[PDB]
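> Sequence first, structure after, both from an experimental entry:
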Amino acid sequence: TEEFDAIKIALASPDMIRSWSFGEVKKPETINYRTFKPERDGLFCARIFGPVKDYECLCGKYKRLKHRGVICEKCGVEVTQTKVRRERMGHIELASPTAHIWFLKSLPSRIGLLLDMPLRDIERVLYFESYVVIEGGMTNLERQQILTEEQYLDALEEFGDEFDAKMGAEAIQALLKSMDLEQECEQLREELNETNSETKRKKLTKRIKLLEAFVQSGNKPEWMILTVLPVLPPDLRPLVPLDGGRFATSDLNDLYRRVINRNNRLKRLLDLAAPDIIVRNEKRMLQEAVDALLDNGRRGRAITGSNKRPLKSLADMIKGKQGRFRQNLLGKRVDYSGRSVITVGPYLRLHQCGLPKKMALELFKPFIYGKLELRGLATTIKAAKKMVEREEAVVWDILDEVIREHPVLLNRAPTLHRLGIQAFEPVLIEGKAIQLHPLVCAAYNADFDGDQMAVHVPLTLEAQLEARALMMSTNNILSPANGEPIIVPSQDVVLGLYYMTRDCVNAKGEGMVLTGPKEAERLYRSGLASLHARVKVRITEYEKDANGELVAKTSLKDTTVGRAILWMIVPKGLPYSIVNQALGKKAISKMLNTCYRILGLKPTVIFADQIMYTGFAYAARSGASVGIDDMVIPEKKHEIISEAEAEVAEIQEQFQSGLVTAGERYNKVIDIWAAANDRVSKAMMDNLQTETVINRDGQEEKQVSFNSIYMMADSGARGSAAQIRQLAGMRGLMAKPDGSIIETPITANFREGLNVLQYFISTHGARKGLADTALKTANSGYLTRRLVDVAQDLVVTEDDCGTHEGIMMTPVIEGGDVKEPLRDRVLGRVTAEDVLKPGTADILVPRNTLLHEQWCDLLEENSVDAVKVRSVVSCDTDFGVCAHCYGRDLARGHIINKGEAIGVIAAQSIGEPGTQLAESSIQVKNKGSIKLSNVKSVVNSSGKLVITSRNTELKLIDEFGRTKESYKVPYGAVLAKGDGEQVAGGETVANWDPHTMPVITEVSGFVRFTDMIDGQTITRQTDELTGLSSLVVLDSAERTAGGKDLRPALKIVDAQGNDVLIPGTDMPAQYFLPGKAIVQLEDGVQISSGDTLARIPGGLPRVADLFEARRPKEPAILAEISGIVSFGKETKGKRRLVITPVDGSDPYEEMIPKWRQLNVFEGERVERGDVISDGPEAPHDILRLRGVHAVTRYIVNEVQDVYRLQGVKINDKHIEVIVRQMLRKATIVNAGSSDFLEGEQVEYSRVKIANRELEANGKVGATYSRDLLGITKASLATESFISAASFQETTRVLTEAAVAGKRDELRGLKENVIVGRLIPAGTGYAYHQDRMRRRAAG
Amino acid sequence: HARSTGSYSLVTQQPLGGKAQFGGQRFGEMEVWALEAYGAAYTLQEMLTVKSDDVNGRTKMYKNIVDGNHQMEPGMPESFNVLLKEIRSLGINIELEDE
Amino acid sequence: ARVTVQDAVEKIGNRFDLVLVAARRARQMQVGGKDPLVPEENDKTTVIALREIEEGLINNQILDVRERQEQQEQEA
Ligand SMILES: [Mg+2]
Ligand SMILES: [Zn+2]
Ligand SMILES: [Zn+2]
């Protein structure tokens, strides 16, 4: 095999097609059906394609291999190996030049726009209804004029000469040959130099680029029309003989036969000089046949013989799932593989798996033969086979010996994440079922209810090393998604341990003193002491407190027997305290965590195995069961229910009299029923929880019960409080189809019996649930496929880019408290710059250091609040990332290794968990100082810190300078405490009207009406003395027809008349009353500062929408630059807002629809990208205005909200990598080296600017603008075209790459997979690096 | 069900699909992605060519395994050549370059 | 059986060229050009190469020195 690269694609010239072909196929016949020898001139022909049987001619004159180039005189077939019949192509000489459907019907019709003729006309031409005048010489008719029948008639009669018109693909080919590429190209450049308008300039630039591509690539356009047509080798379009004298053939054979028929009939008709109409009909018919051959389905859909289904054409074979790339080039079918049902097998070690004898023998057959021949037990391979078929003891001994260290791969059908394939050492067992280690089931999401698994065998030495090193179970204990352990004990183990550790007030052997665990076990196994009984024991724990030395501390602790028995296994390093407690699910998980962090891997593995074994054993000894009497119906249920029924009856009767609406009664009933449910639940938990009143020596006592169902609840083994309720209480409220909640609940439980109605309702519930899970799984699968697709090519290429940039990460304190602390958020990230203690010049962390647990604890000891850390998005490396910018986090602990494909791991980690997807006063929870951020207040006369800013926040500083609680305080909210004041727990710090945003006046004086005329634009509807009114200052849209341009206003003047000016500014306060300006305080009351002017009253789809960046149909509006905004030309149909910069130029106008309400006033201080209208913001604006770190923080937080709502932890780095892959593209705004408008990746722009500015000449000095593109288009715009063709529209990408003459250096992973060479990732990176040195070297 | 080696398919020289005839398991794209998450390049390579698609490769590997040596010679998958032939059957010239 | 490779990855932290050096060693061992430097306990050559790596006797540079010594030896 040669070492090659660069697969090149281009238009095939007709002479090259003639070059490939070995012969003409003249007749459509294949074989004589009598003698099965092939036809002399047929789709299957020996003289063209090859000999049927190896090295023997058709007529049978020459059959020996001695002859290798001779061509039999009788049958013109050369004698060679039949394999060649797999590669020889044929050809058909078409009489009429025919168009290639792909280059015509593809949505952008490249023949169409290349010829600058719309698609509709070309279609009109292809079906032979009308002519077109192609280069009609010196007449009064243009060059692309379509001509109808009688238009051709009157033209011909009028213009005998100077009239050139023709029809069909031959006319089109004539048009193509005569085109001058460069002259039109230069003309187009001149036109672009003269034209300045967006859309026409874009279509023109695309077209000019197309012309440049043709003149550079060297393809001539006329080649789009076919003259000779190649025919695929026969073995690729087989004619297989079905058992029973019948044959099975692909439909392509039929299509080829039809094509040959139409060609031969057209040839004969031409030789006969038939009238034009008939030859035109024949040419049309040949067109249908050919286009059905190429892509059947873009026409009248020529169906197949007697099947009513459309037959499959070549395009169908390539494109699509069933066809190709997915099925046969990414979805192969390996050898040495098996499948079977999975089973428990508790006795196994964590690193091993039970494998049936017979499958193992079948798989390892060739190894067995090799070893048998090596030992000399068998002379030859057939004797080895016979020895395997007898199955003697020696064979089993050799099989045991060879299997010894050879590892096998286990896979489970939905491989969601990388833990779907793992390696194990097999142990031969009887039976036909595979035995799977229990601890790994959680990783596989495996269940023993008929699930099956596949088993592959790695052959080569490198495969063995890879399986044992990278894939072995013990090397993968941490999930790649988050750092936490994956292998935690599931249900039986935790139940057994829980039973073991819980203590009881009084039992046998209370308070006796034991010298160690060994006699504790002596006592338990002899039945002289209970497994749980409080006792004082002497124990020697070990602690590595010094620099790696273990110090024994030995003292007397008061514990249970069970905890000591468990202590027997526990390795040295762990504190005794760990086991001293109840030891539930959480306790065991954190136990494993500590064991890993202190000792390391190997002790953790052995400790997990020991835990499993002991848990199973003592769970079996416990004998825990579940009887009908074990779940006690609370005695006071019936009273509570009857009371609630009486209450519902009273509220319904008080409804029938008509003092309360139906909805109010509904709400009341639902709330009272909820309260009754909570009451019964609490009563049940009280009854069941602590009921064991067992007696000590004298009086009695009570303790946490040993009720088996209670232990199952409390231990966290199975069930939650909700299910306990569902077993023994009333099973709450239900939802009807539409989501509305039924009024009467289900009062019965499964211990009792339901009746028809309650069952029926719950049936509906369960049905909806199941359907939900089904659709959820389908959508999940699809989403994760897209994710893994887009991010595949990203690889860690460089060790360190060396940038100082990074994102300043803070703990996300959503509202009430700290949903997620800093320490976990920063663990394993390198720092962007040294962080200082709360006192300057006290460096805590040198320049970029990887933040491991020790640094995080050190930060916890201090009070660092926010840390700028290097992020992947800001990484400087070109074409990949550097180790430092990423960080450490992995299934292993150390810094990321160069070469790891983080894209795929990130995509899997994001995808797999995706299968479960009044307000009057603020009340500070903890005693702290109140602090206001982004505000400018003005103390009024009432003694309130009046809020005049719309972006005001009220955070909470604790004793040591940290923001515990954070709230957003709107404009017009009454405040109580200012700055410095310490606030007691749950004290009202703020106040505001729920259904009212007041407008606050800054100065005093009399309210003056200006352009506030009565009757034309306003309607005086005023109330009585107390000074109530409904004066309505309407907006521009709702203003009356006469008062369309007259804008009523309210100027705030003083007692004398002069408009009092805002302090410090000269602006005459002229408040144009906005829409719905309810002027309550009428003319005649000296305005106080603060009078109101106008009262103004998730899951998977959400994730998909965030990741597709869809504008949420009501976007908020932002500010571009800061400075005084102002109004403008009023009521054109969309009200104008002109942002006036205090320094910069004014002319930025933004139209606003009538319905939009604005929250900010004209004379306000906006910041760039500040909110102007309320509502959800579309990510595009935030990215464009605020920049990268803002949009990345927004996306990460928005996704993490959905994910944490379900309680699934994911590390931000994966989302970060995806986001970085999303914004790969930019758009050029200046000039100097690019084409001034081309969408170009940010990578090429950065590298070219680095080059240019490195070069002594300034050159381009180019400035660019970032762009954000959705994952679909971003994947569509990949560099390699094989990646895109692998999954997208095959016709489109194939046509683009064919016309562009593109050259693929493969450079990627998926390309290398397709070509079957080593991927450039991981173990193969070095290989590619070696090849990398071979290029561009000596 | 299990198979070591057996009959291969006619057109694409991959092992038959099914249970009546021995037939191998389908190593799908998701499994490929799983392997890519690890650095497992040689296992995937052999799985892709020597195990299924390379005729000379499969026979050479059978003989080599029998000999008690464990190497490989990946070559180019036949299905890729079929792809080339099918694309060439259209008017598209796609060539494997060399330098 | 080698149930954990933790010491071998702690010897060379890349975790990838570990596989390459172990492959070179196990390839010199399988085709019987060389001999194991550790007393074998009926292990196969993979676990032998890992056992040699974990004891610090073999790495890439030791491979390079032994190969060039063998080259100059057979050159004469
Ligand atoms: Mg199952
Ligand atoms: Zn002959
Ligand atoms: Zn970097």
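Sure, I can see it. Numbers count the residues shown, from 1 in each chain, chains lettered A, B, ... in the order given. Ligands and ions are numbered 1, 2, ... in the order given.

> from here on, contacts and neighbour counts on C-alpha atoms
Fine.

> Isn't residue A:49 up against residue A:232?
No - taking contacts as CA atoms under 8 Å, residue A:49 lies outside contact range of residue A:232: 10.0 Å.

> what's the overlap in contacts for the two?
Common neighbours of residue A:49 and residue A:232 are listed as A:88-90 (criterion: CA atoms under 8 Å, 6 or more residues apart in numbering or on different chains).

> filter those by proximity to ligand 2?
Contacts with ligand 2 are made by none of the shared contacts of residue A:49 and residue A:232, judged by CA under 5 Å from the ion.

> Out of these, which end up buried?
Among those, those classed as buried by 16 or more other CA atoms under 10 Å in any protein chain shown are A:88-90.

> now, among the shared contacts of residue A:49 and residue A:232, which is nearest to chain B?
residue A:89 (8.1 Å; CA to the nearest CA).

> Got the phi and psi for that closest one?
Residue A:89 adopts backbone torsions of phi -100, psi 150, taken as degrees, to the nearest 10.

> Would you mind listing what in chain C touches chain B?
C:30-31 (CA under 8 Å from any CA of the partner chain).

> In chain C, what residue comes closest to ligand 2?
For chain C, the residue closest to ligand 2 is residue C:31, as judged by CA to the ion, at 49.9 Å.

> Count residues in the vicinity of residue 30, would you?
If you meant another chain, say so; for now it's chain A. Using other CA atoms under 10 Å in any protein chain shown, residue A:30 has 19 neighbouring residues.

> The chain in question should be chain B.
For residue B:30, the neighbour count with other CA under 10 Å is 22.

> In which helix or strand does the residue nearest to the spatial centre of chain C reside?
Centroid-nearest residue in chain C: residue C:25, 3.5 Å away (criterion: CA atoms, centre = their mean). Using DSSP states H and E, residue C:25 falls within helix C:17-30.

> buried residues in that helix?
Buried residues in helix C:17-30, counting neighbours by 16+ other CA under 10 Å, are found at C:17-27, C:29-30.

> which residues of chain C fall in helices?
With helices called from DSSP state H, chain C shows them at C:6-11, C:17-30, C:45-54, C:60-75.

> Minimum distance to ligand 3: which of these has it?
Proximity to ligand 3, assessed across the helices of chain C by CA to the ion, is greatest for helix C:17-30 (22.7 Å).

> circling back to that earlier point, setting aside sequence neighbours, what's the nearest residue to the residue nearest to the centre of chain C?
residue C:49 (6.2 Å; CA to CA, 6 or more residues apart in numbering or on different chains).

> That neighbour: neighbour count?
Counted with other CA under 10 Å, residue C:49 comes out at 24.

> For it, give me its contacts.
Contact analysis of residue C:49 by CA under 8 Å, 6+ apart lists C:22-23, C:25-26.

> now residue A:881: how far from residue A:874?
Going from residue A:881 to residue A:874 by CA to CA, to the nearest Å gives 10 Å.

> Which one's more surrounded, the two?
More neighbours surround residue A:881 than the other of residue A:881 and residue A:874, with 26 against 18 (other CA under 10 Å).

> which residues touch residue 2?
Just so you know, I chose chain A. With CA under 8 Å, 6+ apart, residue A:2 has no contacts at all.

> The chain in question should be chain B.
A:336-339, A:359, A:362-363, B:22, B:24.

> For ligand 1, state which of those is nearest.
Among the contacts of residue B:2, residue A:339 lies closest to ligand 1 (CA to the ion), at 14.4 Å.

> Quick check: phi and psi on that closest one?
According to degrees, to the nearest 10, residue A:339 has phi -150, psi 140.

> Return the distance of it relative to residue A:434.
Residue A:339 sits 9 Å away from residue A:434, taking CA to CA as the criterion.

> Residue A:824 now?
40 Å.

> Compare those two (neighbour count), which wins?
It is residue A:434, of residue A:824 and residue A:434, that has more neighbours when counted by other CA under 10 Å, with 24 against 13.

> Might you report the residue contacts of that one?
By CA under 8 Å, 6+ apart, the neighbours of residue A:434 are A:340-343, A:353-356.

> from those, which single one is nearest residue A:1091?
When the contacts of residue A:434 are compared for distance to residue A:1091 (CA to CA), residue A:342 wins out at 75.8 Å.

> any idea which helix or strand carries the closest one?
Per DSSP H and E, residue A:342 falls inside strand A:337-343.

> for that strand, packing partners?
Counting by 3 or more CA pairs under 8 Å, 6 or more residues apart in numbering or on different chains; DSSP states H and E, the packing neighbours recorded for strand A:337-343 are strand A:434-435, strand A:452-456, strand B:2-3.

> Parallel or antiparallel, which strands does the last one pair with?
Strand pairing for strand B:2-3, using DSSP bridges, gives strand A:337-343 (antiparallel).

> which residues touch the strand it pairs with?
Strand A:337-343 is contacted by residues A:359, A:363, A:432-436, A:448, A:450-457, B:1-4, B:24-25 when judged by CA under 8 Å, 6+ apart.

> and if we set it to 7 Å?
With contact meaning CA atoms under 7 Å, 6 or more residues apart in numbering or on different chains, strand A:337-343 is reached by A:433-436, A:448, A:450-457, B:1-4, B:24-25.

> Which part of chain A gets nearest to ligand 3, residue-wise?
residue A:875 (3.6 Å).

> whoops, chain C was the one
For chain C, CA to the ion, closest residue to ligand 3: residue C:14, 18.3 Å.

> tally of neighbours for the closest residue to residue A:223 other than its chain neighbours?
Using CA to CA, 6+ apart and skipping residues adjacent in sequence, the residue nearest residue A:223 is residue A:13, 6.2 Å away. If you count neighbours by other CA under 10 Å, residue A:13 ends up with 21.

> now residue A:470: how far from residue A:800?
Residue A:470 sits 24 Å away from residue A:800, going by CA to CA.

> Neighbour count: these two, which is higher?
Set side by side, residue A:470 and residue A:800 show more neighbours around residue A:470, with 20 against 16, by other CA under 10 Å.

> all helices in chain B, in order from the N-terminus.
Along chain B, counting by DSSP H, helices occupy B:29-37, B:41-48, B:55-66, B:78-89.

> Extract the C-alpha trace of the last one and format it as PDB.
Only the C-alpha atoms of helix B:78-89 are listed here, as PDB (Å, rounded to 0.1, in the frame of the first residue of the first chain):
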ATOM      1  CA  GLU B  78     -13.000  -1.900  -0.600                       C
ATOM      2  CA  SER B  79     -16.100   0.000   0.300                       C
ATOM      3  CA  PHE B  80     -14.200   3.200  -0.300                       C
ATOM      4  CA  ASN B  81     -13.300   2.000  -3.800                       C
ATOM      5  CA  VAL B  82     -16.900   1.100  -4.400                       C
ATOM      6  CA  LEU B  83     -17.700   4.700  -3.400                       C
ATOM      7  CA  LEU B  84     -15.100   6.000  -5.900                       C
ATOM      8  CA  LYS B  85     -16.500   3.900  -8.600                       C
ATOM      9  CA  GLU B  86     -20.100   5.100  -7.900                       C
ATOM     10  CA  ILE B  87     -19.100   8.700  -7.900                       C
ATOM     11  CA  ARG B  88     -17.100   8.200 -11.100                       C
ATOM     12  CA  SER B  89     -20.200   6.700 -12.700                       C
END
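
> Now residue A:930: which helix or strand?
strand A:928-933.

> Show me which positions of that strand end up buried.
Judged by neighbour count using 16+ other CA under 10 Å, the buried positions of strand A:928-933 are A:928-932.

> so which of those comes closest to ligand 1?
Distances from ligand 1 to these, taken by CA to the ion, are shortest for residue A:928, at 53.7 Å.

> Can you name the residues that contact that closest one?
Going by CA under 7 Å, 6+ apart, the list of residues near residue A:928 reads A:956-959, A:982-983.

> sorry, back to before: got the angle between the helix holding residue C:25 and helix C:60-75?
30 degrees (axes from the mean of the first three to the mean of the last three CA atoms, to 10 degrees).
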